[PDB]
Structure formats: structure tokens, C-alpha cells
Amino acid sequence: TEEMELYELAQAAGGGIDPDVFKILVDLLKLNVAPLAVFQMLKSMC
Amino acid sequence: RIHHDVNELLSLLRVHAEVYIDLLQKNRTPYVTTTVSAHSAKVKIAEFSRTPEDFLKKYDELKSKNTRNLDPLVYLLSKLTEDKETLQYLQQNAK
Amino acid sequence: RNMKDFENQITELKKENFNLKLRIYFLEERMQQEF
Amino acid sequence: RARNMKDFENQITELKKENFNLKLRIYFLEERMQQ
């Protein structure tokens, strides 16, 4: 990972998430993907 | 082409169409950055009662340092209307 | 022609355009490790 | 709810002439690996 600033902030408010998933989920946003669209994708696989 | 790799990789941990068609739902400019309103961030803080100030004190500090993806990540957390959907999967990974 | 596979055929081509786009992202990595 | 049946035909030709164009870049790039 090594994204402590992002990972740490996400863990506190969320209360818990997959460590690998956050490493991937953050990756897509870094590519300039729309924030709302990513929310839908994580809202579709479930 | 990294975006395509991420979708398949996410599917593996998400292993629970939804693979291909889910790839053609992500569309956005190549190099632009789309700032999002910070008003939602306030609502998210109230939604989670786990930390009254921990989820707020640490966040302010991270805002101090400049982070490229800081604005969208906050938006995604607020948009997590589904309850326990992500948390349920995480527990399985640890075991 | 049932009109229910008429669209189903699209997904077949699409999947033929995605799976084939993934095995290449790996074929590029080995070309970066070998060298 | 109803496919155009005109842009779909154009889309099929556009998606087919492009897919093939992708395989050719894999057989070669892969052959180099073996070579």
C-alpha cells in the first residue's frame, strides 16, 4: 500500500474495509475516474 | 489500459453482465480533475458515530498536506449509502 | 432471430474485446521485467 | 427499448474491424517474447 495518509483517513471514518480493496479502490480515483461513477461500480458488484 | 486491469482485479476480491458492462460505465476526461462539493463531507461525519472527533481531527490534518485524490475519496465515503456491504467482505479477507 | 439474442450477441463481442484487452496488460509487464 | 438497427450495424463493423486490429498486436508482441 504505502498510502498511509489516504488509507489511515479512510479507515477511521469508515470503521473498517478490505486493506487490498482500499489499495485498489484508491487506484482508480488516481486515474481521474469520476468519483460518482466509481461509487456506482462499488454499488453494482454488491 | 490500467483501468481495465483494476476492474478484473477488483472482481477477484469482489468475486461475489457485471464484468464487461461494468467497464463501459466508467467514462471521464483523460487528464482533467473534477472537484466535488465539500458539503457532503460534513454529512458523512455525522453519519458515522464510531469517532466523534477522531474522524474529524485526523481529517483536518490530512487536508493540511496537499493530496491529489483527497477530494474524491471524501466524496466516495459519503456516497456509501449501502450499510455493511463493504465491511462484510473485508472480514472474509482477514480470516 | 429471436430479438433476445440480437442484443445478447453484442455482449459476446464485447467480452471478446475485454478479455483480449486484459491478457495484453500482462504481456507488457514481462517486457518490462525481462529487459 | 428498441435498437436503431442502423447504428448497431455500424457499431458491429466498427467493433469487429477494431478487435482483429488488436489480436495482430498480441501475436507479434508475444512472438517477440518467444524470440
# chains A, B, ... in the order shown; residues from 1 in each chain; ligands from 1

$ closest_atom_pairs --of "chain B" --to "chain A" --cutoff "8 Å" --atoms "only C-alpha atoms" --output "tab-separated table"
residue	atom	partner	partner_atom	distance
B:3	CA	A:28	CA	6.6
B:6	CA	A:24	CA	6.8
B:10	CA	A:24	CA	6.9
B:13	CA	A:21	CA	7.3
B:14	CA	A:45	CA	7.0
B:16	CA	A:45	CA	7.3
B:18	CA	A:45	CA	7.0
B:22	CA	A:41	CA	6.8
B:25	CA	A:37	CA	7.4
B:26	CA	A:37	CA	6.0
B:27	CA	A:33	CA	7.1
B:28	CA	A:33	CA	5.9
B:29	CA	A:32	CA	7.6
B:30	CA	A:32	CA	7.2
B:31	CA	A:32	CA	6.9
B:32	CA	A:32	CA	6.9
B:33	CA	A:32	CA	6.2
B:34	CA	A:34	CA	7.3
B:45	CA	A:13	CA	7.2
B:48	CA	A:13	CA	6.6
B:50	CA	A:15	CA	6.9
B:51	CA	A:13	CA	7.2
B:54	CA	A:12	CA	7.1
B:55	CA	A:13	CA	5.0
B:58	CA	A:9	CA	6.8
B:59	CA	A:9	CA	6.2
B:62	CA	A:5	CA	6.6
B:68	CA	A:30	CA	7.6
B:69	CA	A:30	CA	6.1
B:70	CA	A:6	CA	7.4
B:72	CA	A:35	CA	5.6
B:73	CA	A:26	CA	7.5
B:75	CA	A:35	CA	7.0
B:76	CA	A:39	CA	6.0
B:77	CA	A:14	CA	7.0
B:79	CA	A:39	CA	6.7
B:80	CA	A:39	CA	7.4
B:82	CA	A:43	CA	7.7
B:85	CA	A:46	CA	6.9
B:86	CA	A:17	CA	6.2
B:87	CA	A:17	CA	5.3
B:89	CA	A:18	CA	7.0
B:90	CA	A:18	CA	4.2
B:91	CA	A:18	CA	7.5
B:93	CA	A:18	CA	6.9

$ residues_around --residues "residue 23 in chain D" --least-positions-apart "2" --cutoff "12 Å" --atoms "only C-alpha atoms" --output "ChimeraX atom specification"
/C:16-24 /D:16-21,25-30
